[PDB]
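In the form deposited in one PDB entry, a lone chain appears below as structure tokens.
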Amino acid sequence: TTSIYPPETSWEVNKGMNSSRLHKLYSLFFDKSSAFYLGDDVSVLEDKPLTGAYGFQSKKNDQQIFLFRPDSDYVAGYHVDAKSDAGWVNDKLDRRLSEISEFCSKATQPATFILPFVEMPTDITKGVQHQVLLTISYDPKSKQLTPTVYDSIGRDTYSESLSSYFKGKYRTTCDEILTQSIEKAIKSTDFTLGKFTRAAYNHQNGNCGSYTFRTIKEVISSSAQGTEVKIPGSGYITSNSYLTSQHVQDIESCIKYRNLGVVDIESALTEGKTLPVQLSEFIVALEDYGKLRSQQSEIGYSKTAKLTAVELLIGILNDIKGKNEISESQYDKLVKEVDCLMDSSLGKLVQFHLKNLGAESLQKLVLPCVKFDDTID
């Protein structure tokens, strides 16, 4: 168990997802600068905790929404070979299903449970893991609950499609073992099991993670009321309108440039709070850029140039955090390095932080806190 979610500079959406990153992204849900912001609901009065998840009262409804914090251990393996057994669900995931069942056994209000999880083939050697989303909606008056999976990799086109017969020899997904796990989680045969369905969308053939996150937003908002809206018809025209570029830079800037504790997040979705960006984060980001840039592995600006720049910027940033102040000479030295710190990736980092610090530039940011006298060097 590790408790911080560092800035991963040089991370991009095509570089794939994991439980920690996804959880970090959760912080966006209450940030109004963000297109993932839910002003569609509020938190659940401090009761009914349902461990592992964050609760939400609908502002527009009597409907309650429980979104699970992601887990390295929510995983479903499936056997692609169909002579083999359908698969396994990880005993924690199974556990959470049993727990939903038990939350619903006593529930006076309609609920929706949103669990993100990883779906993988275990026969083959690739072991592509794709980020994927389960939601279970329960109605008390209807005495029943309906499973659904939202799958981003839902490409396949007729040429690459599978015949009814060959489907018999080959599993492309974990639906068999998963439905099994669910009808196992409820049996007093207490509940009617609504039909299991799977929502696929356009042509992915590892961006799955980010679509999953977007879908969580869509799934929550759409539950204040309204049908579920995803790409391939019954929704958005294109994948690009659905997950917009403003959704993307939001996600990327979050992962790429921020340093967030898990406590900070937990508080943030418990109290319906936004997490503003501390200056300490700017410093950590710079440091990580710094470490990564110095690497050799997987009047233009050089490595030692970039590094001296980061060193100096870091220094100044600290002396600002230090009570204290900046000195004239230091301001000059920064000015010489400004055009370098605004260059490329490092620039994007810096612009992110200046934007969220309420400063137009490095000079503007740094200009107060400077002590002057007379003529200085």
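Superpose the two forms; the largest set of C-alphas matching within 1.5 Å is the rigid core. All residue numbers are counted from 1 along the displayed sequence.
- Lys48, though modelled here, lacks coordinates in at least a third of the other entries of this protein that were compared and that model residues flanking it.
- In the other compared entries of this protein that model both flanking residues, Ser101 has coordinates in every one, well short of a third left out.
- Per the record, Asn205 and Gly206 are separated by 4 to 9 deposited residues that have no coordinates.
- Annotation for 8-16 versus 364-372: the higher mean temperature factor (C-alpha) is found in 364-372.
- When the two stretches 287-295 and 220-228 are set side by side, the higher mean Cα temperature factor goes to 220-228.
- The entry assigns its greatest Cα B factor, within the set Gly87, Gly154, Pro116, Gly209, to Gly154.
- Across the residues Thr179, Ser72, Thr125, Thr146, the deposited record lists the maximum Cα B factor for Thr125.
- Looking at the C-alpha B-factors along this chain, the one for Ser27 belongs to the lowest third.
- Among the modelled residues of the chain, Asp264 sits in the middle third by CA temperature factor in this PDB entry.
- Sort the chain's modelled residues by C-alpha temperature factor and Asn318 lands in the lowest third, per the entry.
- Sort the chain's modelled residues by C-alpha temperature factor and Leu279 lands in the middle third, per the entry.
- The PDB entry assigns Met342 a C-alpha temperature factor belonging to the middle third of its chain's modelled residues.
Omitted here: the form deposited in another entry. The next part is about that form.
- Comparing the two forms between this form and the one not shown on the rigid core, the single residue of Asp91, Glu160, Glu102, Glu183 with a CA shift of 2 Å or greater is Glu160.
- After superposing the rigid core, the Cα of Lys169 is displaced by 2 Å or more between this form and the one not shown.
- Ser43 shows a C-alpha shift of 2 Å or greater between this form and the one not shown [criterion: core-superposed Cα displacement of 2 Å].
- When two forms of a protein are overlaid on their rigid core, residues whose CA moves 2 Å or more are considered shifted, and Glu287 is not one of them between this form and the one not shown.
- Expansion of the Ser164-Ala200 CA spacing by 3 Å or more is recorded in that other deposited form, set against this form.
- Legend note: Cα of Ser72 to Cα of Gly154 is at least 3 Å closer in that other deposited form than in the depicted form.
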